[PDB]
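Peer 1: My structure is below; once you've seen it, I'll send some questions.
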There are 2 protein chains.
Amino acid sequence: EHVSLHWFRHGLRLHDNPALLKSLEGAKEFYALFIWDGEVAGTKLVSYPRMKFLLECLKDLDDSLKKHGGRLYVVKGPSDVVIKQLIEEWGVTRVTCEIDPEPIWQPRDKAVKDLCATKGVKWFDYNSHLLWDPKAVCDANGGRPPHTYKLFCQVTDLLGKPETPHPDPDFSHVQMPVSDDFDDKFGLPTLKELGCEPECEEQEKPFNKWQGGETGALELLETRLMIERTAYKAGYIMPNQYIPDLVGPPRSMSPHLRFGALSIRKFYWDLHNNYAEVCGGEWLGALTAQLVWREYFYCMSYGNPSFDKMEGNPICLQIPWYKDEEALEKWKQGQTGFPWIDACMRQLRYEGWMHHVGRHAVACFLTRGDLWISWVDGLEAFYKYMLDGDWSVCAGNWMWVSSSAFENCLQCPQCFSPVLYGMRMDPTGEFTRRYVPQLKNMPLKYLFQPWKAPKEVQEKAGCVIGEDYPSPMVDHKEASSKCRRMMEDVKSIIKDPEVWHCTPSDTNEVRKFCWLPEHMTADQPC
Amino acid sequence: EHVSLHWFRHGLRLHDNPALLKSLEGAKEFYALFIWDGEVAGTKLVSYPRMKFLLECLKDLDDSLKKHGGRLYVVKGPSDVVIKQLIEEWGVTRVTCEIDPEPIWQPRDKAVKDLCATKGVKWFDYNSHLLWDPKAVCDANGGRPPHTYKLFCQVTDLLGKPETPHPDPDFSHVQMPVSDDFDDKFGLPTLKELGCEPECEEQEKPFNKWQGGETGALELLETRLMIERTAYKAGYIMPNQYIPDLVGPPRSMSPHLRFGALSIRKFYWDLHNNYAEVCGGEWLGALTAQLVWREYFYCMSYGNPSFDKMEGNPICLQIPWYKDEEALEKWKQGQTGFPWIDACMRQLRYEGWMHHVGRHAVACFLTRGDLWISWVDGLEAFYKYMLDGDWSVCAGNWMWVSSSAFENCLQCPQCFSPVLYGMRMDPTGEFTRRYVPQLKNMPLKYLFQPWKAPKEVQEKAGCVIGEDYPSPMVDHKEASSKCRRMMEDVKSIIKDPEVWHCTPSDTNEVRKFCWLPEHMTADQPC
Ligand SMILES: Cc1cc2nc3c(=O)[nH]c(=O)nc-3n(C[C@H](O)[C@H](O)[C@H](O)COP(=O)(O)OP(=O)(O)OC[C@H]3O[C@@H](n4cnc5c(N)ncnc54)[C@H](O)[C@@H]3O)c2cc1C
Ligand SMILES: Cc1cc2nc3c(=O)[nH]c(=O)nc-3n(C[C@H](O)[C@H](O)[C@H](O)COP(=O)(O)OP(=O)(O)OC[C@H]3O[C@@H](n4cnc5c(N)ncnc54)[C@H](O)[C@@H]3O)c2cc1C
Ligand SMILES: [Mg+2]
Ligand SMILES: [Mg+2]
């Protein structure tokens, strides 16, 4: 005895969706809706790659719904008017949705609820995007979010464990009306009208291909689980990670987690059950350690709309930065003069995805390594091009890498160098040569230092530095010393080391974060 | 109206076994048998690792049979008497088996058939170990086996395609009698009585762990197929292989193929069906190119008992080798003085498995690179320690790498060097340091050349060359020139380049065989 409506904003899936399950029980009619308003799902500041991903996900969702005998409605316009129009037209009595924990989505929702309060329309919301409730974690640690990963783990180890996934829905006993001339009015838009077209030939035909949806997410999860099972049988339980693979398929699910095409609880429990089936029945929490950084960065933004800025944000230190547009433009385009940085930036601009080590390298190069430019300026590029540009996680990582004044392990000019780090992470040079073809014939000895090669080598390789490939934009030795002095001044000004701010816990945490050995080794420069 | 007996020698499996399926139709009783005679399945010249693998496979087979209500009989003694005893005791009327294509297993079988001819006992055999019949291939190319891989492919492309796998058996309508006190008389032996015990502490606790059986083979096949599916979706169809992974799990099925725990036809067809499901319905023969080298080397031994020797073998060239026992013992133990060679040899002696590049490197070092010692001497070690020491494939690979006088690409001292090749295949040095702990603290600069380091570096690293780690056993520059001169003399003596002998087809085949680029590159020494 209800006419229910489920609103799709995130969580574009049908598995493990309690809010959807609640809209089918005691329901005479059912409608599925998505509203295109220009701000939902990071559409305001976006580019071609992630638009393709979003459209593919929506098409997959509609195709999945067509099996049970239903369609997905897409409407263009403000939510506060679209909802009212649909209520007055269809005759809706109940609206169900999933919660958006970020503070920038709150005033949107508060407007709808009030409306439903003045028309006798029930409202239902359920949190299925995170493992723990941010408010409970904040209350357990006084009234402020934890500022350390170890403290966050300690706090969450007392609240309990996540809940198991829910079953799948059933549409057999519910009517799902569909209007005539549906594809002409409630159909899905196209990139041709929205104004997003490829900016270069590399976007049209990238080296690595991505597909959005839910079936691909489930297949990737199955492949991940069986790879781990085979590794466990071989004898590899949580081994040290030192050699990243940059020339093969990524096999990543972060873009799917961002949009909600895969459940976090399902992944969490599948990992542990897979481990227990093979080995004994002892609990090992190190398996799901990566999934806890995501929650640690999500819960930190609770109650702070200025979490993406340096001014007015109480959990960030104030640091005097510089502003030069030429350097920033060179960094964004990929004309810095260091092949390791340029390759990663061009990969981001073409495909929209990058490995962790590259992101750390480019962030350190921009902020506290050589140039001394604010992280707010570089965060915009990641918001614009990344496939998984979460509003809170990216800003949290930027503030973690930079602005940590009292951590001296991140200020070393030898370990975090745009030459030695690239040599370590790409001994062969195939990744560098793939995205910088100008240095295809350059010997591996001078591949990362093209300006130290003689003229005969340049002529033979067909790359004269200064005409075919730009000269370096800065001297690392000189820039590093002045940046170190400037940060030492910041430390002197901020006397107390125990201030409340986002920072790493210890040095080993940094070394593991950056894929480097903990103890001293014979291959450690300074 | 029969009492059938299936004899297990190879093909220790229940899936895709036509001979087994034939012993169940029209049968009143059924017996499964394995005879331990001291020569079956490479038991005469064997060590602890492969014995463990064989025993695990037999235990898995017995456990699988116990589900349907049957056991596996194991008897110790000569086959020609055991078969007769069992025929006179049980009352057998039909014997079924699988064919062993190698010529060393023929006189064993010819004795049994004759017996069955004088007692009214039917005999049935079926070839399920190979994809093509060696006799048909030999007849299609005159009366001799093809001596080139391209010629073998050309010949086999006209015979047709392999047959699809057969169904699984059923034991419901067949009686499977079991005797009392079974575990006391027909039980499985143990390594404790056979005389195989670990020779060192590294055998007891190896770094990589192996398990024999059929379930593991099927799981490995599933993992392989889904990895390939994901790679195809990403956009990687038959890419160039240049970076081997030596610090992770092997994920190999060659030992299972050797003993017959996995079918070759099933793998062949699963690969192609997996490819067709994702991509279009066009045939691509490059997918199963590795499975054809195995058949090429198997069919070459047809009609030649001396295929494992240099004297009396018509498909091998006669070359004057040297004989020094000290050098051979150093090569076998792993005291050569070159860490790249020692690590691979110690890995073989501990675990029993090695990557292709290491096998090629050590074979070239022994035979035609530096020492000039016969391949027959080194083949014995591989027969003794390898988990997949096939009688014909290993000898064929040895004769392919060595004795190819007219192929000058394999005679280059720069590309196939025990220093540069190791640097190329192990840029980090983790694999080398895992099996040569004496050089754990040695800098990566001198890791592959410990004798060129100063004394202070040796003292700091705690490795004085000559006392803690042996000095090099030979000078590569001098050895290479004399070996080249000696092989040039062989070429001068053997005038005709078109002699009938096992040899590579072209230079690109060698370069791909050894995981090296085809065209010239800036990182090519000579
Ligand atoms: C400057 C910078 C910005 C980043 N921005 C993002 C972002 O917007 N979104 C994002 O998901 N990751 C972000 N990361 C973390 C990291 O770059 C990605 O999580 C990485 O690409 C995951 O790849 P993977 O799935 O193969 O790793 P895996 O370890 O195989 O994936 C496990 C999962 O754990 C989570 N995870 C792992 N590391 C982190 C981390 N440091 N912070 C948060 N979650 C993590 C992700 O959901 C990931 O899918 C950023 C890192 C840096 C240095
Ligand atoms: C001196 C020497 C001796 C060798 N002895 C053997 C041996 O006794 N048994 C053996 O199976 N391989 C042998 N090989 C080939 C090679 O070393 C192994 O096939 C390799 O370990 C296969 O690993 P993989 O399964 O990961 O390779 P994959 O390519 O992933 O395996 C595909 C399959 O193709 C077959 N195959 C691949 N290459 C060859 C080859 N060159 N010759 C024959 N079959 C091949 C194997 O059955 C293998 O399982 C030898 C090579 C050399 C240089
Ligand atoms: Mg992932
Ligand atoms: Mg294999």
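We label chains A, B, ... in the order they appear in the structure tokens, count residues from 1 in each chain, and number ligands from 1 in the order shown.
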Enumerate residues in contact with ligand 2: an atom-to-atom distance of at most 7 Å, counting only C-alpha atoms and all ligand atoms. Format the result as a list in words.
Peer 2: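 The neighbouring residues of ligand 2 are, in order, residues 250, 251, 252, 253, 254, 257, 258, 290, 291, 293, 294, 297, 354, 355, 356, 359, 360, 363, 388, 389, 390, 393, 394, 397 and 398 of chain B.
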Peer 1: Restrict the selected residues to C-alpha atoms and save them as a PDB file, in the first residue's frame.
Peer 2:
```
ATOM      1  CA  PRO B 250      55.847 -19.331  -9.735  1.00  0.00           C
ATOM      2  CA  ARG B 251      52.294 -20.406 -10.646  1.00  0.00           C
ATOM      3  CA  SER B 252      53.516 -23.208 -12.921  1.00  0.00           C
ATOM      4  CA  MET B 253      51.900 -26.482 -14.013  1.00  0.00           C
ATOM      5  CA  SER B 254      54.806 -28.219 -15.784  1.00  0.00           C
ATOM      6  CA  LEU B 257      51.817 -32.064 -16.923  1.00  0.00           C
ATOM      7  CA  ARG B 258      54.850 -34.343 -16.562  1.00  0.00           C
ATOM      8  CA  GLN B 290      54.285 -22.872 -25.828  1.00  0.00           C
ATOM      9  CA  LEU B 291      52.398 -26.184 -25.750  1.00  0.00           C
ATOM     10  CA  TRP B 293      57.474 -27.015 -28.188  1.00  0.00           C
ATOM     11  CA  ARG B 294      56.661 -29.913 -25.853  1.00  0.00           C
ATOM     12  CA  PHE B 297      60.627 -32.326 -28.557  1.00  0.00           C
ATOM     13  CA  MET B 354      63.939 -22.813 -11.837  1.00  0.00           C
ATOM     14  CA  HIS B 355      62.909 -20.176 -14.359  1.00  0.00           C
ATOM     15  CA  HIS B 356      63.678 -20.629 -18.056  1.00  0.00           C
ATOM     16  CA  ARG B 359      68.310 -22.811 -17.054  1.00  0.00           C
ATOM     17  CA  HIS B 360      69.490 -21.251 -20.312  1.00  0.00           C
ATOM     18  CA  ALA B 363      73.500 -24.535 -19.672  1.00  0.00           C
ATOM     19  CA  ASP B 388      59.656 -31.991 -14.354  1.00  0.00           C
ATOM     20  CA  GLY B 389      62.707 -33.817 -15.670  1.00  0.00           C
ATOM     21  CA  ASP B 390      61.095 -35.326 -18.752  1.00  0.00           C
ATOM     22  CA  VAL B 393      62.258 -32.577 -23.371  1.00  0.00           C
ATOM     23  CA  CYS B 394      65.282 -31.846 -21.171  1.00  0.00           C
ATOM     24  CA  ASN B 397      66.561 -28.399 -24.835  1.00  0.00           C
ATOM     25  CA  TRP B 398      70.178 -29.185 -23.931  1.00  0.00           C
TER      26      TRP B 398
END
```
Peer 1: Report as a ChimeraX atom specification all protein, DNA and RNA residues lying within 8 Å of residue 3 in chain A, evaluated on only C-alpha atoms, omitting residues in the same chain fewer than 4 positions from it.
Peer 2: /A:27-30,91-94
Peer 1: Could the residues in this selection be written to a file with N, CA, C and O atoms, as a PDB file, in the first residue's frame?
Peer 2:
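Output below, filename again-v7.pdb:
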```
ATOM      1  N   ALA A  27       4.893  -2.470  -1.145  1.00  0.00           N
ATOM      2  CA  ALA A  27       4.875  -1.459  -2.192  1.00  0.00           C
ATOM      3  C   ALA A  27       4.008  -1.940  -3.344  1.00  0.00           C
ATOM      4  O   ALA A  27       4.132  -3.087  -3.784  1.00  0.00           O
ATOM      5  N   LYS A  28       3.131  -1.061  -3.825  1.00  0.00           N
ATOM      6  CA  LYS A  28       2.303  -1.352  -4.986  1.00  0.00           C
ATOM      7  C   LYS A  28       2.995  -0.963  -6.286  1.00  0.00           C
ATOM      8  O   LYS A  28       2.856  -1.664  -7.294  1.00  0.00           O
ATOM      9  N   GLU A  29       3.742   0.140  -6.278  1.00  0.00           N
ATOM     10  CA  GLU A  29       4.476   0.602  -7.445  1.00  0.00           C
ATOM     11  C   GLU A  29       5.881   1.000  -7.018  1.00  0.00           C
ATOM     12  O   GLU A  29       6.119   1.339  -5.858  1.00  0.00           O
ATOM     13  N   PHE A  30       6.809   0.953  -7.969  1.00  0.00           N
ATOM     14  CA  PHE A  30       8.207   1.262  -7.708  1.00  0.00           C
ATOM     15  C   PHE A  30       8.784   2.069  -8.860  1.00  0.00           C
ATOM     16  O   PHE A  30       8.530   1.767 -10.029  1.00  0.00           O
ATOM     17  N   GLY A  91       2.248  10.390  -7.569  1.00  0.00           N
ATOM     18  CA  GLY A  91       1.528  10.107  -6.343  1.00  0.00           C
ATOM     19  C   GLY A  91       2.370   9.335  -5.350  1.00  0.00           C
ATOM     20  O   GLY A  91       1.912   8.353  -4.760  1.00  0.00           O
ATOM     21  N   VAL A  92       3.608   9.776  -5.159  1.00  0.00           N
ATOM     22  CA  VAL A  92       4.566   9.072  -4.316  1.00  0.00           C
ATOM     23  C   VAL A  92       4.232   9.303  -2.849  1.00  0.00           C
ATOM     24  O   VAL A  92       3.770  10.383  -2.460  1.00  0.00           O
ATOM     25  N   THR A  93       4.469   8.276  -2.029  1.00  0.00           N
ATOM     26  CA  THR A  93       4.243   8.345  -0.594  1.00  0.00           C
ATOM     27  C   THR A  93       5.480   8.030   0.238  1.00  0.00           C
ATOM     28  O   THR A  93       5.450   8.248   1.454  1.00  0.00           O
ATOM     29  N   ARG A  94       6.553   7.524  -0.368  1.00  0.00           N
ATOM     30  CA  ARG A  94       7.755   7.169   0.371  1.00  0.00           C
ATOM     31  C   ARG A  94       8.976   7.365  -0.516  1.00  0.00           C
ATOM     32  O   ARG A  94       8.972   6.973  -1.686  1.00  0.00           O
TER      33      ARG A  94
END
```
Peer 1: Only residues of chain B matter here; which ones have an atom within 7 Å of chain A, counting only C-alpha atoms? Give them as a ChimeraX atom specification.
Peer 2: /B:208-210,223,226-227,231,234-235,249,427,441-443,522-523
Peer 1: Could you write those residues out with N, CA and C atoms, as an mmCIF file, in the first residue's frame?
Peer 2:
```
data_model
loop_
_atom_site.group_PDB
_atom_site.id
_atom_site.type_symbol
_atom_site.label_atom_id
_atom_site.label_comp_id
_atom_site.auth_asym_id
_atom_site.auth_seq_id
_atom_site.Cartn_x
_atom_site.Cartn_y
_atom_site.Cartn_z
ATOM 1 N N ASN B 208 59.798 -21.533 -1.189
ATOM 2 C CA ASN B 208 58.591 -21.786 -1.962
ATOM 3 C C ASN B 208 58.121 -23.214 -1.728
ATOM 4 N N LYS B 209 56.817 -23.372 -1.525
ATOM 5 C CA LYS B 209 56.212 -24.656 -1.209
ATOM 6 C C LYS B 209 55.394 -25.158 -2.391
ATOM 7 N N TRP B 210 55.507 -26.455 -2.666
ATOM 8 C CA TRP B 210 54.820 -27.103 -3.771
ATOM 9 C C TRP B 210 53.901 -28.195 -3.244
ATOM 10 N N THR B 223 42.913 -19.932 -12.166
ATOM 11 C CA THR B 223 43.583 -18.660 -11.919
ATOM 12 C C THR B 223 44.257 -18.132 -13.179
ATOM 13 N N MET B 226 41.497 -16.717 -15.642
ATOM 14 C CA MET B 226 40.922 -15.426 -15.283
ATOM 15 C C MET B 226 41.946 -14.295 -15.346
ATOM 16 N N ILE B 227 43.211 -14.563 -15.009
ATOM 17 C CA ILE B 227 44.237 -13.550 -15.212
ATOM 18 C C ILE B 227 44.288 -13.123 -16.674
ATOM 19 N N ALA B 231 43.529 -9.451 -18.378
ATOM 20 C CA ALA B 231 44.514 -8.810 -19.244
ATOM 21 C C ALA B 231 43.936 -8.484 -20.618
ATOM 22 N N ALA B 234 41.855 -5.450 -20.333
ATOM 23 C CA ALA B 234 42.686 -4.256 -20.212
ATOM 24 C C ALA B 234 43.289 -3.824 -21.543
ATOM 25 N N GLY B 235 43.567 -4.760 -22.442
ATOM 26 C CA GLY B 235 44.117 -4.447 -23.741
ATOM 27 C C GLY B 235 45.465 -5.060 -24.044
ATOM 28 N N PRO B 249 55.433 -15.848 -6.421
ATOM 29 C CA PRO B 249 55.028 -17.243 -6.634
ATOM 30 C C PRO B 249 55.211 -17.655 -8.085
ATOM 31 N N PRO B 427 67.487 -6.611 -11.651
ATOM 32 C CA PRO B 427 68.019 -5.266 -11.381
ATOM 33 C C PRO B 427 68.138 -4.934 -9.905
ATOM 34 N N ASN B 441 75.003 -7.688 2.572
ATOM 35 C CA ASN B 441 75.337 -6.294 2.826
ATOM 36 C C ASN B 441 76.225 -5.691 1.743
ATOM 37 N N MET B 442 76.516 -6.434 0.685
ATOM 38 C CA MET B 442 77.350 -5.919 -0.394
ATOM 39 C C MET B 442 76.557 -4.915 -1.225
ATOM 40 N N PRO B 443 77.129 -3.758 -1.565
ATOM 41 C CA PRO B 443 76.394 -2.800 -2.395
ATOM 42 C C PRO B 443 76.031 -3.383 -3.752
ATOM 43 N N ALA B 522 69.605 0.788 -28.062
ATOM 44 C CA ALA B 522 70.700 1.551 -27.479
ATOM 45 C C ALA B 522 71.356 0.833 -26.308
ATOM 46 N N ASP B 523 70.714 -0.198 -25.761
ATOM 47 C CA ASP B 523 71.239 -0.963 -24.636
ATOM 48 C C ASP B 523 71.689 -2.353 -25.076
#
```
Peer 1: Please run DSSP on the backbone and report, as a ChimeraX atom specification, all residues within range 47-296 of chain A that come out as strand (DSSP E).
Peer 2: /A:73-76,94-98,122-126
Peer 1: Please provide the set of residues having any atom within 12 Å of residue 327 in chain B, restricted to only C-alpha atoms, with same-chain residues fewer than 3 positions apart removed, written as number ranges by chain.
Peer 2: B: 322-324, 330-337, 365-367, 370-374, 377-378, 472-474
Peer 1: Excluding residue 145 in chain A and residues on its chain fewer than 6 positions from it, collect all residues at most 9 Å away from it, counting only C-alpha atoms, and give them as a list in words.
Peer 2: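 The residues that qualify are residues 134, 135, 137, 138, 139, 152, 296, 299, 300, 301 and 302 of chain A.
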Peer 1: For the helix (DSSP H, G or I) assignment from backbone DSSP, which residues of range 145-256 of chain A qualify? Please present them as a VMD selection string.
Peer 2: chain A and resid 149 to 159 182 to 185 191 to 194 201 to 204 215 to 234 254 to 256
Peer 1: With only C-alpha atoms as the counted atoms, please give the residues lying no more than 8 Å from residue 128 in chain A, apart from itself and same-chain residues fewer than 3 positions off, as a PDB file with N, CA, C and O atoms, in the first residue's frame.
Peer 2:
```pdb
ATOM      1  N   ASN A  17      22.102  -3.419  -0.692  1.00  0.00           N
ATOM      2  CA  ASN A  17      21.448  -2.112  -0.742  1.00  0.00           C
ATOM      3  C   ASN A  17      20.197  -2.155   0.128  1.00  0.00           C
ATOM      4  O   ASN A  17      19.082  -2.340  -0.375  1.00  0.00           O
ATOM      5  N   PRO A  18      20.349  -1.992   1.446  1.00  0.00           N
ATOM      6  CA  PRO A  18      19.171  -2.082   2.329  1.00  0.00           C
ATOM      7  C   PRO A  18      18.091  -1.058   2.027  1.00  0.00           C
ATOM      8  O   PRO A  18      16.898  -1.367   2.145  1.00  0.00           O
ATOM      9  N   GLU A  98      20.349   6.649   0.090  1.00  0.00           N
ATOM     10  CA  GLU A  98      21.565   6.378   0.839  1.00  0.00           C
ATOM     11  C   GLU A  98      22.219   7.693   1.252  1.00  0.00           C
ATOM     12  O   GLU A  98      22.081   8.720   0.584  1.00  0.00           O
ATOM     13  N   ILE A  99      22.931   7.652   2.371  1.00  0.00           N
ATOM     14  CA  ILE A  99      23.496   8.849   2.984  1.00  0.00           C
ATOM     15  C   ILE A  99      24.809   9.208   2.304  1.00  0.00           C
ATOM     16  O   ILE A  99      25.605   8.333   1.945  1.00  0.00           O
ATOM     17  N   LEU A 131      32.284   1.839   6.756  1.00  0.00           N
ATOM     18  CA  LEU A 131      32.284   0.740   7.713  1.00  0.00           C
ATOM     19  C   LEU A 131      31.868   1.175   9.112  1.00  0.00           C
ATOM     20  O   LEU A 131      31.272   0.379   9.847  1.00  0.00           O
ATOM     21  N   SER A 263      30.583  -2.838  -2.994  1.00  0.00           N
ATOM     22  CA  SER A 263      30.392  -2.618  -1.569  1.00  0.00           C
ATOM     23  C   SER A 263      31.700  -2.814  -0.813  1.00  0.00           C
ATOM     24  O   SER A 263      32.498  -3.699  -1.136  1.00  0.00           O
TER      25      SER A 263
END
```
Peer 1: Residues within 7 Å of residue 213 in chain B, please, as a ChimeraX atom specification. Count only C-alpha atoms; anything in the same chain fewer than 6 positions from it doesn't count.
Peer 2: /B:56-57,60,261
Peer 1: Please provide as a list in words all residues within 10 Å of residue 202 in chain B, with the sequence filter that same-chain residues fewer than 6 positions apart are discarded (counting only C-alpha atoms).
Peer 2: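 Contacts, in chain order: residues 346, 347, 349, 350 and 351 of chain B.
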Peer 1: If you keep N, CA and C atoms, can you produce a file of those selected residues as a PDB file, in the first residue's frame?
Peer 2:
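Printed below is selection-v1.pdb as written:
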```pdb
ATOM      1  N   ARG B 346      71.738 -23.302  -6.536  1.00  0.00           N
ATOM      2  CA  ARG B 346      71.267 -23.592  -5.185  1.00  0.00           C
ATOM      3  C   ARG B 346      69.746 -23.652  -5.121  1.00  0.00           C
ATOM      4  N   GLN B 347      69.056 -22.796  -5.876  1.00  0.00           N
ATOM      5  CA  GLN B 347      67.604 -22.891  -5.952  1.00  0.00           C
ATOM      6  C   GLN B 347      67.174 -24.245  -6.499  1.00  0.00           C
ATOM      7  N   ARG B 349      68.880 -27.049  -6.296  1.00  0.00           N
ATOM      8  CA  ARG B 349      69.194 -28.087  -5.321  1.00  0.00           C
ATOM      9  C   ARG B 349      68.280 -28.059  -4.102  1.00  0.00           C
ATOM     10  N   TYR B 350      67.718 -26.903  -3.751  1.00  0.00           N
ATOM     11  CA  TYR B 350      66.821 -26.798  -2.604  1.00  0.00           C
ATOM     12  C   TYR B 350      65.364 -27.068  -2.963  1.00  0.00           C
ATOM     13  N   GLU B 351      64.809 -26.321  -3.914  1.00  0.00           N
ATOM     14  CA  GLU B 351      63.389 -26.392  -4.243  1.00  0.00           C
ATOM     15  C   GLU B 351      63.079 -27.371  -5.366  1.00  0.00           C
TER      16      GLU B 351
END
```
Peer 1: By how many Å are CA of residue 111 in chain B and CA of residue 13 in chain B apart?
Peer 2: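 Computing the Euclidean distance for CA of residue 111 in chain B and CA of residue 13 in chain B yields 25.3 Å.
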Peer 1: Which residue is closest to residue 430 in chain B? Choose from A:240, A:173, A:83, A:520 and count only C-alpha atoms.
Peer 2: A:240
